[PDB]
Amino acid sequence: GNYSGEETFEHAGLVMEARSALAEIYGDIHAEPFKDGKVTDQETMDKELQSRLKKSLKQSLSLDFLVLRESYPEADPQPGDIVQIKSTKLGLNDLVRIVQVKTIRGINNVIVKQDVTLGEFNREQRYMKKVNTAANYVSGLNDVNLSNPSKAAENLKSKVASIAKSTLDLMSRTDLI
Amino acid sequence: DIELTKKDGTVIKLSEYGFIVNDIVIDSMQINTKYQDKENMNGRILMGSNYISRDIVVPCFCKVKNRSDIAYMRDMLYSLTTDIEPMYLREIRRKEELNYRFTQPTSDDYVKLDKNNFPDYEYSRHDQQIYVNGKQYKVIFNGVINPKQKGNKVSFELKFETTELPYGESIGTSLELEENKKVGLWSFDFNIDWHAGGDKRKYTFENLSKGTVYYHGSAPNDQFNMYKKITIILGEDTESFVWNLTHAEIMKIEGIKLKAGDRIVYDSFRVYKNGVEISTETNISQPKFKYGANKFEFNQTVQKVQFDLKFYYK
């Protein structure tokens with residue numbers, strides 16, 4: 001992450017590999033490395049890296065919640081709060097945070113049921129956002145031509161290599177003088 | 001046993017139309033529950049429970065003088081009853097199983113016969129039937145078949161059903177209770193004191209911070225569809241205006257400035273600041289009369305309160 005913008009792999013710029021604590025029993029795997037980066041210091045290069053690690057062993061708890069009104073009224077769920085769940089016969093007593101909540105309210109603003117998701121919002125919604133991002137990023141463009149695509153990209157890339165060839169010629173011809 | 005129907009624009013009763021009835025049976029209200037079962041707990045939570053519909057049933061038959069006429073009569077029945085138009089049904093009973101009375105077989109004091117070939121047991125004025133109760137029902141019809149037993153007798157099985165709210169809407173407001181002008185429409189099913197102008201009849205108070213109300217209706221008037229309608233001359237100027245009530249919620253009117261002599265018409269979930277141009281942004285909360293004592297508490301001694309409502313029953 002500190003190599004200059006024009007190098008792209010001559011791996012200057014704080015080459016390093018880190019790992020988490022659980023690695024030693026699972027072993028050698030690794031994700032897509034932090035290739036893109038213009039960051040100087042090394043303090044960053046460990047924080048962002050371990051964040052890339054710990055974001056990936058994902059746990060989504062899309063439980064269901066059911067409101068008790070006559071009893072336990074002080075549980076209006078709100079997103080971005082801490083909560084202590086505990087399911088017996090599951091192996092679970094830790095505390096987590098809400099990331100999604102879904103209220104309904106018929107009339108007099110009385111709640112009927114709640115739905116919530118914890119930690120990461122879902123596996124589901126991640127897929128769906130991926131799809132919709134693909135489908136909206138596409139159709140916002142104008143270069144797309146479904147009949148033989150890549151003309152718009154290959155025209156560009158070949159133009160790029162051609163101007164690089166012309167630049168090579170210019171370099172030789174200038175170093176001549 | 002007449003099954004009166006008040007439609008939007010008319011009044012009808014079957015036995016006037018040659019239509020005797022066997023009886024009327026009125027189901028209770030179908031309680032739709034809303035339970036939720038916890039996964040491994042010997043007990044299920046009540047999310048809610050709620051009245052839905054009061055299905056009425058009325059089998060009525062009819063006799064005529066000739067077989068052809070059956071058709072006409074039947075068509076009349078349909079054209080007279082099967083109305084998606086929400087009607088107001090009123091039940092009728094008799095006070096006695098009437099018999100023919102003693103007479104004299106001396107070529108005199110012979111017996112009468114109705115327009116239909118039946119014996120008129122109703123000799124005196126005080127024989128015929130009565131509106132057994134001062135209430136109605138908002139009602140719609142459901143499918144009927146017409147088996148023709150012998151002769152000119154044919155039966156029908158009307159299956160009526162409640163329209164909006166499964167309750168026994170009391171006819172007449174609470175002000176007709178106040179001003180004893182309209183007569184009828186007050187049956188002893190409602191435990192009503194005779195002391196007109198006394199407590200538990202009055203819904204017209206003056207110059208009071210707090211007062212008392214007796215809602216004679218067993219069912220609670222929390223639903224807005226009911227004709228609960230209040231109107232108050234506020235008595236004293238103010239910038240905010242709170243009034244509390246029991247068997248209901250607190251009510252505020254903040255953020256709008258008022259005046260003393262200005263009046264508020266407080267309709268169900270709705271507020272006319274001065275009769276029009278509704279200013280109903282302030283604390284949308286509707287009041288609820290349950291039964292018996294419904295004590296209210298204002299805050300600055302309104303010079304007048306009075307409110308008409310309708311009594312509902314279960």
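Because the Cβ atoms are built from the backbone with ideal geometry, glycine has one as well, and the counts that use them run over all protein chains shown. Read the figures in this text as sums done on the coordinates, not as results from a lab.
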State whether the residues of segment B:10-24 include one that is part of a helix (DSSP H, G or I), of a type in the set (A, V, I, L, M) and either within 14 Å of chain A (Cβ to nearest Cβ) or touching a strand residue (DSSP E or B) at 6+ places or on another chain (Cβ under 8 Å) (or both). no
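Out of A:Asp46, A:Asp64, report the one residue that is of a type in the set (D, E, K, R), within 14 Å of chain B (Cβ to nearest Cβ) and in contact (Cβ under 8 Å) with a residue 24 or more places away in the chain.
Answer to the selection: A:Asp64.
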For segment B:182-210, the count of residues that are assigned to a loop (DSSP other than H, G, I, E, B), touching a residue at least 24 places away in the same chain (Cβ under 8 Å) and among the small types (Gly, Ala, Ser) equals 2
Which numbered condition trips up A:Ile107, out of (1) within 29 Å of the chain's Cα centre (by Cα); (2) assigned to a loop (DSSP other than H, G, I, E, B); (3) under 30 Å from B:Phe269 (Cβ atoms); (4) of a type outside the set (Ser, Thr, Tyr)? (1)
Kindly check whether there is at least one residue in segment B:174-181 that is in a loop (DSSP other than H, G, I, E, B), surrounded by 11 or more Cβ atoms within 10 Å (Cβ to Cβ) and over 22 Å from the mean Cα position of the chain (by Cα). no
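Could you grab me the full set of residues in segment B:286-295 that are surrounded by fewer than 22 Cβ atoms within 10 Å (Cβ to Cβ), of a type outside the set (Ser, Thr, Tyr) and within 21 Å of B:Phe269 (Cα to Cα)?
Across segment B:286-295, the qualifying residues are B:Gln286, B:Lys288, B:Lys290, B:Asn294, B:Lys295.
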Quick check on this structure: which one of A:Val99, A:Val112 is within 13 Å of another protein chain (Cβ to nearest Cβ), farther than 30 Å from A:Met16 by Cα and either touching a residue at least 24 places away in the same chain (Cβ under 8 Å) or of a type in the set (A, V, I, L, M, F, W, C) (or both)? A:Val112
What number of residues within segment A:118-149 are surrounded by 10 or more Cβ atoms within 10 Å (Cβ to Cβ) and assigned to a loop (DSSP other than H, G, I, E, B)? 8
Subset of segment B:234-262 that is free of Cβ contacts under 8 Å to residues at least 40 places away in the same chain and part of a strand (DSSP E or B) - its residue that is surrounded by the fewest Cβ atoms within 10 Å (Cβ to Cβ): B:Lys252
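Identify all residues within segment B:42-75 that are among the hydrophobic types (A, V, I, L, M, F, W, C), closer than 24 Å to B:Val139 by Cβ and surrounded by fewer than 16 Cβ atoms within 10 Å (Cβ to Cβ); write none if there are none.
Correct list: B:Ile52, B:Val57.
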Inside segment A:69-95, can you point out the residues that are surrounded by 15 or more Cβ atoms within 10 Å (Cβ to Cβ) and either within 13 Å of another protein chain (Cβ to nearest Cβ) or not in a loop (DSSP other than H, G, I, E, B) (or both)? none
When segment B:29-60 is checked residue by residue, the ones that are among the basic types (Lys, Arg) and either more than 11 Å from chain A (Cβ to nearest Cβ) or in a strand (DSSP E or B) (or both) are B:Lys34, B:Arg44, B:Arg54
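Matching residues to (1) within 19 Å of the chain's Cα centre (by Cα); (2) under 28 Å from B:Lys314 (Cα atoms); (3) small (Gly, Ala, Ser):
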residue: B:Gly198; (1), (2), (3): no, yes, yes
residue: B:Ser209; (1), (2), (3): no, no, yes
residue: B:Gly217; (1), (2), (3): yes, yes, yes
residue: B:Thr231; (1), (2), (3): no, yes, no
residue: B:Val242; (1), (2), (3): no, no, no
